[PDB]
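Since the structure comes first, as structure tokens, the remarks are kept for the end.
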Amino acid sequence: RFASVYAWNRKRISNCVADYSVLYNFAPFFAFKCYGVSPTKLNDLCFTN
Amino acid sequence: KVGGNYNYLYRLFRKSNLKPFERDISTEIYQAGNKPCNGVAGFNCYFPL
């Protein structure tokens, strides 16, 4: 169950290897828009949070 | 121009890094790899321009 738009559910992710591929296990989404980065090279960098 | 100037474009991502003073007139779609893409598709088959 997702929350409302004003009470948008925020989750912090740290201290774990992030597999950016499991994000494409289903695929009808029309808005997979990445800003400032490329959706392909996401596995070629690392971030703090 | 107000919401215009579409004659000037660029490439945010490419299949490979360009060589020094290398020019590429074609604008084909980058292959996705994990899913067969001939026309429009998802992960990596977006338009580069």
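When A:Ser21, A:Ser4 are checked against the criterion of being out of contact with any strand residue (DSSP E or B) (no Cβ under 6 Å at 6 or more places or on another chain) and within 12 Å of another protein chain (Cβ to nearest Cβ), a single residue qualifies: A:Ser21. Scanning the stretch B:12-49 for residues that are polar (S, T, N, Q) and either outside any loop (DSSP other than H, G, I, E, B) or within 13 Å of chain A (Cβ to nearest Cβ) (or both) gives B:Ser16, B:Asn17, B:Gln31, B:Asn34, B:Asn44. Report yes if A:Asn15 is on the phi > 0 side of the Ramachandran plot, surrounded by fewer than 10 Cβ atoms within 10 Å (Cβ to Cβ) and not charged (D, E, K, R), otherwise no. When the stated conditions are applied, A:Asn15 passes them.
Between A:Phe32, A:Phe26, the distinction of being assigned to a loop (DSSP other than H, G, I, E, B), surrounded by fewer than 10 Cβ atoms within 10 Å (Cβ to Cβ) and not aliphatic (A, V, I, L, M) belongs to A:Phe26 only.
Residue-wise test of (1) surrounded by fewer than 10 Cβ atoms within 10 Å (Cβ to Cβ); (2) among the β-branched types (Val, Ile, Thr); (3) closer than 30 Å to A:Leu23 by Cβ; (4) touching a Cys at 6+ places or on another chain (Cβ under 7 Å).
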| residue | (1), (2), (3), (4) |
| --- | --- |
| B:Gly3 | yes, no, no, no |
| B:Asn7 | yes, no, no, no |
| B:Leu12 | no, no, yes, no |
| B:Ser16 | yes, no, yes, no |
| B:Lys19 | yes, no, no, no |
| B:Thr27 | no, yes, yes, no |
| B:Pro36 | yes, no, yes, no |
| B:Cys45 | no, no, yes, yes |
| B:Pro48 | no, no, yes, no |
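Can you tell me which residue within the stretch A:35-48, out of those that are hydrophobic (A, V, I, L, M, F, W, C) and within 16 Å of B:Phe43 (Cβ to Cβ), is surrounded by the fewest Cβ atoms within 10 Å (Cβ to Cβ)? The qualifying residue surrounded by the fewest Cβ atoms within 10 Å (Cβ to Cβ) is A:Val37.
All of the numbers you see were taken from the coordinates with simple rules; none came from a lab. Neighbour counts run over all protein chains shown; Cβ positions are idealised from the backbone, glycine included.
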